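S.K.: Okay, handing you the structure first.
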Amino acid sequence: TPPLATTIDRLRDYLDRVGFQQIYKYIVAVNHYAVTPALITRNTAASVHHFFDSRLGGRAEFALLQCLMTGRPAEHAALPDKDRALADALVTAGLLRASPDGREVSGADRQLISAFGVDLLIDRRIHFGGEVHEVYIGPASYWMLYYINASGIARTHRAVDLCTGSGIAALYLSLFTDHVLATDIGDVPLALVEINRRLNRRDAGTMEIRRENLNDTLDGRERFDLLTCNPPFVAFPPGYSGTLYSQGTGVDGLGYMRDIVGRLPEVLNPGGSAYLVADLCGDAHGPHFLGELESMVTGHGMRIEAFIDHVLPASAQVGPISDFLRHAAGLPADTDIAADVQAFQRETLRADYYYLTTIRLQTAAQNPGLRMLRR
Ligand SMILES: Nc1ncnc2c1ncn2[C@@H]1O[C@H](CSCC[C@H](N)C(=O)O)[C@@H](O)[C@H]1O
Ligand SMILES: [Ca+2]
Ligand code: NA
Ligand code: NA
Numbered sequence: 002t003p004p005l006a007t008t009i010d011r012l013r014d015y016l017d018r019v020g021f022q023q024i025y026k027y028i029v030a031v032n033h034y035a036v037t038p039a040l041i042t043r044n045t046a047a048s049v050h051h052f053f054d055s056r057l058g059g060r061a062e063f064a065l066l067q068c069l070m071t072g073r074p075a076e077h078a079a080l081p082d083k084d085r086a087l088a089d090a091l092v093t094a095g096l097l098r099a100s101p102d103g104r105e106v107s108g109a110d111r112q113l114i115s116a117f118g119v120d121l122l123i124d125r126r127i128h129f130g131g132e133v134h135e136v137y138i139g140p141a142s143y144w145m146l147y148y149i150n151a152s153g154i155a156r157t158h159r160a161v162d163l164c165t166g167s168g169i170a171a172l173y174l175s176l177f178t179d180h181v182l183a184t185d186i187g188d189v190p191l192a193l194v195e196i197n198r199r200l201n202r203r204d205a206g207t208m209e210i211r212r213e214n215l216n217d218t219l220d221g222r223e224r225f226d227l228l229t230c231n232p233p234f235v236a237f238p239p240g241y242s243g244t245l246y247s248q249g250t251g252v253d254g255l256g257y258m259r260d261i262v263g264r265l266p267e268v269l270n271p272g273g274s275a276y277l278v279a280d281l282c283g284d285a286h287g288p289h290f291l292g293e294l295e296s297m298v299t300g301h302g303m304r305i306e307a308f309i310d311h312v313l314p315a316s317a318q319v320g321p322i323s324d325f326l327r328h329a330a331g332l333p334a335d336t337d338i339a340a341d342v343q344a345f346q347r348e349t350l351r352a353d354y355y356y357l358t359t360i361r362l363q364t365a366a367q368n369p370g371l372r373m374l375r376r
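Take 2 as the starting number for the sequence shown in the authors' numbering and just add one per residue.
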C-alpha cells in the first residue's frame, strides 16, 4: 500500500531514465500510436524483440522494459543494479514474475503501453495468452479521446470519466484540467487506475478515484464541464452472461448510454460537452440509437455529432461475439451460440450492421442539431 506506492514511484523513475514513452512511440510510429492499443501483441512481439536486439543492441538498460512491454524474460543477474532492486519490488507487487529458480524476471498479467501521452499498465491478457481479460481497453477507448478539443479545457474545468477502467480517459483529461473524477465499480479496474494515477505523478489532489455506480454519479448533485464515458454497451442474447466491462443493460445493450444522455442537461454545466463511444447496431442508413437523440436536440437544444469510424455487417460480428461468450463462461464447443446471436441480432437488435461511433454532445448549443459523419 505505501510499499506499492513507492514501487510505482520507482517504476516511473525507470521509465523516465530509459525514455520508455519515446521508445514505444518510435516502435509503433505516429500513424499508429492513436489508432488502437493493440499494437504490441503476441503477433508482433517477435518483431519488437528483434528491434531491441538489433537496432538498440540488446542494451541491458532496456531489459526490464521488455519484461513490462512484452513479458520477455531477463536474467536477474544481467539487470543493471538499480533496475534489479526495482525488478524485485515489481515481483513482490505481482506486477512481474520471477522464474521458479529465481534466475530471471518475466511478464505477469500487466502490459506497459503509452497512449495519448500517458504511461499505462493494462491487462496483458487482452493482447497475449489465452485467458479472458479482466480490464478492457480497445480502439473505442482511443477514438473517444481523439475527438476531444483539448485546447478548450481550462485548468478549473470540472471533468468526469465515468466507467474509467484502466484510467486512460481520466489520465488524458488530467493532462489539461486540475479537477478530474474517475469512477468504476470493479475491484480489478479500481486497483489498476490507482496504480496508473501514481504512475503519471498524479494523486488525489487533482484526480479523485471513486467506487460508484454510473447512475448514482449521474443522479448526483455534482456538475461538470466535460464528461467522458465508454460504458458497457454490448448486447448479448438472453440467457448468456458476459463480463462487467462488456455487457450493456437494457433489451439492446444500450441502457447505460440512455442513462447518461438523459441526465446530460442536468449534470453538465451550460455549454459543457460529453464524449461517449459505442458499437451501435443499425440498418444500412445508420445506427438506430441516433434516432433516439433527436429528443435531445428538440427537447434540450443540444448539438450532437456522431463520428462513425468503423462499419461491419452483423454477420461479421457473430463469430467474435460467440467466441467471447464461449470463453467468458467456459462453455463447451457443441453449443450453437452463433444461431442464438444471429436470432438476437435480427429480432431484438434489428442489426444489419454495427457502427463504431463516437458521440459528442453539447448543452446550450448555439447551433443545435444532430450531425452524423460517415465516409
Ligand atoms: N454500473 C457501472 N458503473 C460504473 N462503472 C461500471 C459499471 N458497469 C461496468 N462498469 C465499468 O465500466 C467499464 C467499461 S470498459 C471502459 C474502460 C475505459 N473507460 C476505456 O475507455 O478504456 C469497466 O471498467 C467496468 O468495470
Ligand atoms: Ca512497428
Ligand atoms: Na517471445
Ligand atoms: Na465499453
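A virtual CB, placed ideally from N, CA and C, is assigned to each residue, including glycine.
1. If you drop the 5 nearest sequence neighbours on each side, which residues of the same chain put their C-beta closer than 7 Å to that of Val19?
2. Between which two residues does the beta strand (DSSP E) containing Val312 stretch?
3. Within its chain, find whatever has a CB closer than 8 Å to the CB of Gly256; leave out the 5 residues flanking it on each side and keep chain order.
4. Between the Cα of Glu223 and those of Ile186, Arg199, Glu267 and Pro238, spot the shortest distance and give me the residue it belongs to.
5. DSSP puts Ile210 in a beta bridge; with which residues?
6. In the DSSP assignment, what residue or residues form a beta bridge with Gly370?
7. CA-CA distance, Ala94 and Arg111?
8. Determine, using beta-carbon pairs with one atom in the segment 356-369 and one in the segment 294-308, whether at least three such pairs fall under 8 Å.
9. Just checking my contact of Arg375 with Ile322 at CB under 8 Å: how many whole Å lie between their CB atoms?
10. Quick one: complete beta strand (DSSP E) runs, 3+ long, within the segment 93-122?
11. Which one or two residues does DSSP pair with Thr229 in a beta bridge?
12. For a test of the three-state rule: what should DSSP assign to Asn197, helix, strand or coil?
13. Would you tell me roughly how many angstroms separate the C-alpha atoms of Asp10 and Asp102, rounded to the nearest one?
14. Between the segment 154-168 and the segment 67-82, do three or more beta carbon pairs fall short of 8 Å?
15. Alpha carbon to alpha carbon, how far is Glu348 from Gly153? Give it in angstroms, no decimals.
16. What residue from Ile196, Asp188, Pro190 and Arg203 has the CA that sits closest to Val181's CA?
17. Starting from the C-beta of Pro232, find all residues in its chain whose C-beta is less than 8 Å away, skip the five residues before and the five after it, and write them out in chain order.
18. Which value, in whole angstroms, describes the spacing of the CA atoms of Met70 and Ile114?
19. Is it the case that the segment 196-211 contacts the segment 173-188, given that we only count it when at least three CB pairs across the two stretches are under 8 Å?
20. Which two residues bound the contiguous alpha helix (DSSP H) that contains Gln23?
21. Give the range of the beta strand (DSSP E) segment to which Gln363 is assigned.
22. Give me the Cα-Cα distance between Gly59 and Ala47, rounded to the nearest whole angstrom.
23. Could you pull the start and end residues of the alpha helix (DSSP H) that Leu219 belongs to?
24. List the DSSP bridge partners of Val342.
25. Considering only heavy atoms of ligand 4, does any lie closer than 7 Å to the CB of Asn214?
26. Might you give, ordered along the chain, the residues of its own chain that have their beta carbon closer than 6 Å to the beta carbon of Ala275, omitting 5 neighbours on each side?
27. Please give the ranges of any beta strand (DSSP E) in the segment 246-273, keeping only runs that are unbroken, at least 3 residues long and fully inside the region.
M.R.: Judging by the given coordinates:
1. Excluding sequence neighbours, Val19 sits near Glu62, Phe63 and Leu66.
2. For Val312, the enclosing beta strand (DSSP E) stretches over residues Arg304 to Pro314.
3. The answer, listed in chain order, is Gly249 and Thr250.
4. Of the candidates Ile186, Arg199, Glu267 and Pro238, the one whose C-alpha sits nearest the C-alpha of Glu223 is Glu267.
5. Answer is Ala183, bridged to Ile210.
6. In DSSP, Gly370 forms a bridge with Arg304.
7. A direct Cα-to-Cα measurement between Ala94 and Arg111 gives close to 11 Å.
8. A contact exists between the segment 356-369 and the segment 294-308.
9. That belief does not hold up - the Cβ atoms of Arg375 and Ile322 are roughly 23 Å apart, past 8 Å.
10. As far as the segment 93-122 is concerned, its whole beta strand (DSSP E) runs of at least 3 residues are 97-99, 105-108 and 111-116.
11. Paired residues: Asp162 and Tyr276.
12. DSSP places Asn197 within a helical segment (H, G or I) once states are collapsed to three.
13. Rounded to whole angstroms, the separation of the alpha carbons of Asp102 and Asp10 is 28 Å.
14. The segment 154-168 is not in contact with the segment 67-82.
15. A direct Cα-Cα distance of roughly 43 Å separates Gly153 from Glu348.
16. Taking only the C-alpha atoms, the option nearest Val181 is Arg203.
17. Closer than 8 Å at the Cβ level, and outside the excluded window around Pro232, lie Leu163, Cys164, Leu215, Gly249, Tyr257, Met258, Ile261, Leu277 and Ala279.
18. Cα-Cα distance, rounded: 7 Å.
19. Contact between the segment 173-188 and the segment 196-211 is present, with at least three C-beta pairs closer than 8 Å.
20. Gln23 -> alpha helix (DSSP H) spans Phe21 to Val29.
21. In the DSSP assignment, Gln363 falls within the unbroken beta strand (DSSP E) covering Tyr354 to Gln363.
22. In a straight line, the C-alpha of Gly59 is about 14 Å away from that of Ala47.
23. DSSP places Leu219 inside the alpha helix (DSSP H), whose first and last residues are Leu215 to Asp220.
24. By DSSP's assignment, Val342 forms no beta bridge with any residue.
25. Not under cutoff, so the answer is no.
26. Contacts found: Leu228, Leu265 and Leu362.
27. Qualifying beta strand (DSSP E) stretches: none in this window.
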